[PDB]
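Okay, here we've got a single chain as structure tokens, the form deposited in one PDB entry, with questions on binding and movement later.
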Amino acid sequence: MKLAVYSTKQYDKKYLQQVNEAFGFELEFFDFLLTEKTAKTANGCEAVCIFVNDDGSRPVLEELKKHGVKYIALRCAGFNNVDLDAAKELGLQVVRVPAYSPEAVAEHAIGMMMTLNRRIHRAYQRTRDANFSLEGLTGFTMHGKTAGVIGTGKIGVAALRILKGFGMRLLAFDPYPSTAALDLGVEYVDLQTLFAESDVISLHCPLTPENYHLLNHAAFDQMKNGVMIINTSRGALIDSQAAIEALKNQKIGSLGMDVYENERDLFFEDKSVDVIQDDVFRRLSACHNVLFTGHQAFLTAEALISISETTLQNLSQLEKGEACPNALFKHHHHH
């Protein structure tokens, strides 16, 4: 099989290449986005591998079919960029990565928490220029504080295990509480209680209509002053305009956000005047204890390997006519 990979970053290429020693596919790497115009680059490939910014809408799918492509593989969990209804009509098969390594994501959340707490990002900014001042760097001791985790799927639970290690009092909210968490000594609570008592709050849940703007002004009002908020889940979970105010009023002590590529263009203040973010990313980072990372939560060697393994295996199943458990369909509840 010949595979064309779009939107390739160096890490994608390295891991896909490394993983491919097992599959022996023919790999063609493209830096650029898949679009209706670039689809013709796929001629002679059976499959394409795409990521979050790639265009999988119907006209792109039509071009891919004209050019002989049969399989579309997303090297990511998100799939909203792909028109599944069109894909079915075209007889095109679509596969994904089900979930990122839970340990990799939870660890990233924890990394963000600590970086913010000890002001390590600021410290490096000084020390790289041999400035050793500590003023404004003071953090807080984690042990004996309360951590609140929103969502107790595998990521949340992986977070909860690290948090326990810190010797934190553990609270969680999930509409469906888990046995694994309960076994860890987590206390399930209502949201309001979680808002009220938590020193650190970490979001590990999918975005559903129930939880759009889950953290709103009313939520911020409920929180402790100086609270730390970490979001490696989707942006919409937070009302960003509320979050900004909370920062100004110093309700939020610290904020860390892992910004999905598909979400950055909003994720804003925001005004219908002039000028907006990206300036907002710059301002917050400068004026507050604010940290953005660029959808980095899965960015470890082991996780990337997993993503590559799953993607190549999915493709292998498709070419072989084996039923692939990662197949997507139009009625999928998260489409």
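Residue positions are given as counts along the sequence shown, with the first one as 1. The term rigid core refers to the most C-alpha atoms you can superpose between the two forms while keeping them within 1.5 Å.
The form deposited in another entry exists for this protein as well; it is not shown, and the discussion that follows is about that form.
Just one of the listed positions, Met142, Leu184, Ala86, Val259, moves its Cα by at least 2 Å between the shown form and the other one when the rigid core is held fixed, and it is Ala86. Annotation: Cα of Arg282 displaced by less than 2 Å between the shown form and the other one, core superposition. After superposition on the rigid core, the Cα of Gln18 moves by less than 2 Å between the shown form and the other one.
With the core held fixed, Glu302 shows a CA shift below 2 Å between the shown form and the other one.
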